[PDB]
Amino acid sequence: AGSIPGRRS
Amino acid sequence: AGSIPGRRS
Amino acid sequence: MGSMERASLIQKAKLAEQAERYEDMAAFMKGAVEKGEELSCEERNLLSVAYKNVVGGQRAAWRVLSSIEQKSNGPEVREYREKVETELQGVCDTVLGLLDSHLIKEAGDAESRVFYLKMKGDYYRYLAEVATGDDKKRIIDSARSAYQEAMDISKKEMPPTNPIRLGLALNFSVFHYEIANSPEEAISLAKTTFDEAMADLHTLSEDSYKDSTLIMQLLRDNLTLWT
Amino acid sequence: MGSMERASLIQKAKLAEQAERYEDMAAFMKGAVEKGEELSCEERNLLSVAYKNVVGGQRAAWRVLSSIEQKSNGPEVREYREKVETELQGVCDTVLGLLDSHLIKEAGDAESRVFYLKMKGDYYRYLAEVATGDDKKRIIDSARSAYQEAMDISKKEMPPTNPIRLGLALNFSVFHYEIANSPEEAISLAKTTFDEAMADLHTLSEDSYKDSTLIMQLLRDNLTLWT
Ligand SMILES: *Cc1ccc(S(=O)(=O)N2CCC(N(C)C)CC2)cc1
Ligand SMILES: *Cc1ccc(S(=O)(=O)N2CCC(N(C)C)CC2)cc1
Ligand SMILES: [Ca+2]
Ligand SMILES: [Ca+2]
């Protein structure tokens, strides 16, 4: 299950 | 040009 | 970072991202927050990206060590898992502290307030991932409460395709599935979010359509795994 | 790490590698070296892997920032490049300090002594990558001197297929090409090393053959780029 990656602007 | 990667045991 | 200009901290956070120096990036953005001014949309994203990378590396390490520890059951694996766990909790507490002093209370527009409340839910969720027992219960309720307030605002104030609204619903659905032991609530939220976004896509430009459909595919990816 | 047992530091270094926590891994291995006992083959490799990962991330970041700085020519890019550069130099100085106090002087077998002298050449080479001017000259000579002593021992004491001998020759050839502005010396060393290893492969077991040919392919990869 994946949350928002959120690791690149 | 590549040296020994050397980053995994 | 008290002696560095706000604008220089922001510029260095962008450089740190390019250099894949995420601990530096987070320290620069913490310094920028502590200048006391509200953050722009771009600055909020830099803050979030920095800490998501830092805590993401810690979570990955904690999971590796926790798996080794579980298979083992000397003190070294437990001790080192505890060290990583304490570091992870410290980063989560730092982010939560920035949100509480004073990002959330000064956030009056729906876009900023929902963004920060989603962060608050996420970092309580990361605390919940490593918590054990009754402390876990209150941490779980803190995550749920933050996500729920963000959801309530987002449904009143943002269109169903708004990427922050979509990402909030995605992460709250993961909370339900992975933390709260509520897979049916997770599935229902993901399905309803996806369907309401689909019905609103016709209103969007080409660029906004791309932004929204990318997150919709993440909702569908979870639904595929969960059903 | 003075209060932690040597064996616990080694065990935690192995866990840190699995968790991709290379700064921790390097700190554990520094603590193990500072116990004052000589290192086994496996322990030397853990020390080298830890620091190569730490300095490798710093070098990659320094190159990103140096490229941005060169394209730009406020003070922020230079200041941040300098910060990363100083951190990188500090890690190199730490490794060189461990080698000087007292790993090299206690290393009497060819395998350990060549290993440590190759490290010494590598970390002076990383210092040379960021050095400017006449300081660069003495740093370059320090790298050359360490590699040359390692080469002299390796040619007297190890077969031409030994993986440490091969990796030393590979890295010294990179030094010649990239640092010393001696591409012809780099090519000659890589070619001679490859050819002498090829002629010795018949003596090896299947597993040793795999070890040696993997490094020989790296020599060939460089020769392909250089010719
Ligand atoms: C939880 C969250 C954070 C940020 C967004 S975003 O700003 O719309 N966006 C999502 C995709 C990312 N890639 C394009 C890099 C960038 C940030 C949405 C939800
Ligand atoms: C410079 C150097 C260091 C180490 C070696 S090694 O021990 O023979 N070996 C090379 C390949 C690596 N992969 C198999 C992971 C492991 C270490 C050779 C040269
Ligand atoms: Ca100012
Ligand atoms: Ca002891």
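What counts, and at which threshold
Residues numbered from 1 in each chain as written, not as in the entry; some residues may be left out. Chains lettered and ligands numbered in written order. Heavy atoms only, no water. Residues with missing side-chain atoms left out of burial classes, pairs and counts. Least-squares fit on C-alpha atoms. Contact = heavy atoms within 4.5 Å. Helix = DSSP H or I, 4+ residues; strand = E, 2+ residues; numbered from the N terminus. Nonpolar A, V, L, I, M, F, W, Y, C, P; charged D, E, K, R; others polar. Buried area = accessible area lost by both parts, 1.4 Å probe. Salt bridge = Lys/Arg side-chain N within 4 Å of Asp/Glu carboxyl O. Polar contact = N/O pair within 3.5 Å; in protein donor to acceptor, adjacent residues only side chain to side chain. Axes fitted to C-alpha atoms, helices over the stretch in contact; angles between N-to-C directions. Parallel < 35°, antiparallel > 145°, perpendicular 65-115°, else oblique. Left-handed = near helix turned anticlockwise from the far one by under 90°.

By the method listed in its record, X-ray crystallography, this PDB entry was determined to a resolution of 1.4000 Å.

(A) Fine view of the relation of the copies chain D and chain C. Mapping chain D onto chain C calls for a screw motion: a turn of 180 degrees about the axis and a shift of 0.0 Å along it, with 0.0 Å RMSD after fitting. Classification of the inter-copy transformation places it as that of a two-fold axis. For chain D, the smallest separation between a C-alpha atom and the rotation axis is recorded for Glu23 of chain D, amounting to 6.2 Å.

(B) The arrangement of the interface of chain C and chain A in detail. At the interface, 20 residues of chain C touch nine residues of chain A. For the side of chain C that touches chain A, the secondary structure elements donating two or more residues are helix 3 (41-72), helix 5 (110-130), helix 7 (163-179) and helix 9 (206-226) of chain C. Here the side of chain C that touches chain A takes seven residues from helix 3 of chain C, the largest share from any one element. For the side of chain C that touches chain A, a count of residues per class yields eight nonpolar, seven polar and five charged.

(C) The arrangement of the interface of chain D and chain C in detail. Across the contact, 23 residues belong to chain D and 23 residues belong to chain C. Of the roughly 2,100 Å² buried between chain D and chain C on both sides combined, carbon and sulfur atoms contribute 56%. It is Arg21, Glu76 and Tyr80 of chain D in chain D that bury the most area against chain C; as a group they hold 30% of the surface buried on that side. The interface formed by chain D and chain C includes six salt bridges. The salt bridge involving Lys12 of chain C is made with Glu79 of chain D; its shortest N-O contact spans 2.9 Å. Where chain D meets chain C, there are eight residue pairs in polar contact.

(D) Spotlight on the packing of helix 5 (residues 110-130) of chain D against helix 6 (residues 134-157) of chain D. Residues and elements named next belong to chain D. Contact pair helix 5 / helix 6: the axes reach a minimum separation of 8 Å and the direction vectors enclose 160 degrees. Accordingly, the angle class assigned to the pair helix 5 and helix 6 is roughly antiparallel. Pair helix 5 / helix 6 crosses with left-handed handedness. Contacts between helix 5 and helix 6 involve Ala110, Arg113, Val114, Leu117, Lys118, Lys120, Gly121, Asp122, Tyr124, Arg125, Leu127 and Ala128 from the former and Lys136, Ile139, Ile140, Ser142, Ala143, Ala146, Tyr147, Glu149, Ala150, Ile153, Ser154 and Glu157 from the latter. Tallied by class, residues from the contact of helix 5 with helix 6 come to 13 nonpolar, three polar and eight charged.

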